[PDB]
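In case you want the letters, here they are:
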Amino acid sequence: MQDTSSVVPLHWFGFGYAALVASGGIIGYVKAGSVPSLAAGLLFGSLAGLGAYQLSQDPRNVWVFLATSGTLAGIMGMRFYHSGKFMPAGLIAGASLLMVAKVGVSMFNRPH
C-alpha cells in the first residue's frame, strides 16, 4: 500500500528535484565547503521553512499555518514532528547515515 505522497506535496516535489539538480550540481563539482552557498542555505533555509509557514509570505496563509501546526503540534510539546518511515529520504535514517559516514571518513570531531 502506497499513496501519492505521504506529505511531500507536488510543489515541494519540484523544489526537491530542482534543488537536487542544483545541489548535487554545485555541491558536486565543488564537492562542498561552500561558505557563501551554505550560508545562503541556512538563511534561506529557516526563512524558507518559517517564511513558508511562520511569518514572511502572506500574513493570512502563514496564520493558517500557525493555527495548523499550532493545534497539530499543540497536542504535544517541544515540537513532536514526523520522523519514522525513512521511505522517501529518511531524516533520522539518512542523518544517522551521515553521522556514521562522518565518523567513518570525513573531517569530523565529536562535541568535546
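Method of determination, as given in the entry header: solution NMR.

Asker: Describe the overall build of the chain, naming the residues involved and giving the relevant values.
Answerer: When its secondary structure is counted, the chain shows 4 helices and 0 strands. Principal-axis analysis of the C-alpha atoms places the extent of the chain at approximately 45 × 40 × 30 Å. Carbon and sulfur atoms provide 70% of the accessible area of the chain, an area that totals close to 10600 Å².

Asker: I'd like a rundown of the packing of aromatic side chains, residues and numbers included.
Answerer: Considering all chains together, one arrives at 2 aromatic pairs under this definition. When the centroid spacing of 5.6 Å and the interplanar angle of 35 degrees are considered together, the rings of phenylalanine 13 and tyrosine 17 count as tilted. Within this pair, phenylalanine 13 and its partner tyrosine 17 are both found in helix α1 (residues 10–29), separated by 4 residues, close to a single helical turn. On the basis of relative accessible area, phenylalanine 13 is assigned to the partly exposed category, the value being 41%.

Asker: Any chance you could break down unusual backbone geometry for me, citing the residues and the numbers?
Answerer: Its identity is not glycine, yet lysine 31 carries a phi of approximately 85 degrees, on the positive side. Residue classification places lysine 31 among the exposed residues on the basis of a relative accessible area of 68%. Located in the positive-phi region is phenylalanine 80, a residue other than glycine, with phi close to 45 degrees. Mapped onto the elements of the fold, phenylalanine 80 is located in the loop between α3 (59–74) and α4 (91–104). On the accessibility criterion, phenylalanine 80 (55% relative accessible area) is exposed.

Asker: Lay out the UniProt feature "transmembrane region" in the chain with the relevant residues and their values.
Answerer: Per the UniProt record, "transmembrane region" is found at residues 7–27, 32–52, 62–82 and 88–108. Between the C-alpha atoms that bound residues 32–52 the distance is 26 Å, and the span itself is 86% helix and 0% strand.

Asker: Lay out the layout of surface pockets in plain terms, naming residues and giving numbers.
Answerer: Each pocket or cavity is described by its volume, and for the second largest pocket that value is around 230 Å³. In this structure, the second largest pocket is lined by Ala22, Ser23, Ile26, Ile27, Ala32, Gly33, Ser34, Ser37, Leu38, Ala40 and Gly41. For the lining of the second largest pocket, the residue count by class is 6 nonpolar, 5 polar and no charged.

Conventions we followed
Residues numbered from 1 in each chain as written, not as in the entry; some residues may be left out. Heavy atoms only, no water. Helix = DSSP H or I, 4+ residues; strand = E, 2+ residues; numbered from the N terminus. Areas by Shrake-Rupley, 256 points an atom, 1.4 Å probe, with all protein chains shown as cover. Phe/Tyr/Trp six-rings, centres within 6.5 Å; stacked < 30°, edge-to-face > 60°. Buried < 20%, exposed > 50% of the residue type's maximum accessible area, 1.4 Å probe, protein only. UniProt positions renumbered as here; feature names shortened; annotations may be inferred. 1 Å grid on protein atoms, 1.4 Å probe; cavity = no way out; pocket = protein on both sides within 12 Å on 5 of 7 lines; lining within 4 Å. Points joined across faces, edges and corners; volume = space filled by probe spheres on them. Nonpolar A, V, L, I, M, F, W, Y, C, P; charged D, E, K, R; others polar.

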